[PDB]
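Quick heads-up: it's one chain on its own, the form deposited in one PDB entry, in structure tokens.
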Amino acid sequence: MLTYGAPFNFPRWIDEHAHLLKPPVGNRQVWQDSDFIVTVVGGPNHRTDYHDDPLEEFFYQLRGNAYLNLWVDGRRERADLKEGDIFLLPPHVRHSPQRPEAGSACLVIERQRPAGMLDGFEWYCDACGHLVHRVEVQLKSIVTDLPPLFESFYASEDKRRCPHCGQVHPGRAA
């Protein structure tokens, strides 16, 4: 059977879910329980964590502009997602997506991670650049598995404390 239902008009679906593509929800997964995890991410949203995904992430910035803060070759770099851009991020490249614009919309496609293949989430020192804290997670569901991880980082000066220079990372807003 068509487990995932019939085709349907995507711009209309994005319009209809506009209330969810802004704070505090910010994103909406299109189909549930599929191998391909297909999400539309709105804005505005800024964040300070970097994602270490053990699989690739595809992006197609449909509306508005965004950008990814990256580590590439041990160096801080930015990949702009201008409206209309597509991009494929290889495994493990660290990214912290920034989505400044309201009414923006990006198609993001990932794969379910198999048992034993973990995601990392991590934060780096604004002053010296050293890794501050990393947590590895078996990501089964974004909505229950991820916000407590971030919240536990923001609530602890210990987790936020740079082991190189001792500066305490700011937590939620940079």
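Here the rigid core means the biggest group of C-alpha atoms that line up within 1.5 Å when the two forms are laid on top of each other. Numbers for residues come from their place in the sequence shown, where the first is 1.
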**Prompt:** Do you reckon 114 to 122 or 144 to 152 strays further from the shown form in 4 other deposited structures of this protein, measuring C-alpha RMS after a core fit?
**Reply:** 144 to 152
**Item:** in 4 other deposited structures of this protein, rigid core aligned: more displaced of 66 to 74 and 134 to 142 by C-alpha RMS
**Value:** 134 to 142
**Complete:** Mean B factor on CA atoms, stretches 4 to 12 and 164 to 172, record says higher is 164 to 172
**Asked** 63 to 71 versus 126 to 134: which one carries the higher mean Cα B factor per the record?
**Response** 126 to 134
**Complete:** Per the deposited B-factor column, the C-alpha that peaks among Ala115, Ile109, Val30, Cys106 belongs to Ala115
**Fill in**
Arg99: C-alpha B-factor third of its chain, per the entry, is the lowest
**Request:** Going by the recorded CA B-factors, say which third of the chain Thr144 sits in, lowest, middle or highest.
**Result:** highest
**Asked** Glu77's Cα B-factor: lowest, middle or highest third of the chain?
**Response** highest
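Another form exists, deposited with a small molecule bound; not displayed. Remarks below refer to it.
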**Message:** Using a 4.5 angstroms cut-off on non-hydrogen atoms, would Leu62 count as touching the small molecule in the bound PDB entry?
**Reply:** no
**Message:** Against the small molecule in the bound PDB entry, would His133 count as a contact residue? Criterion: heavy atoms within 4.5 Å.
**Reply:** no
**Message:** Is it the case that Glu110, even though its partner is missing from this view, gets within 4.5 Å of the small molecule in the bound PDB entry, heavy atoms only?
**Reply:** yes
**Request:** May I ask you to state whether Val41 is within 4.5 Å of the small molecule in the bound PDB entry, using heavy atom distances?
**Result:** yes
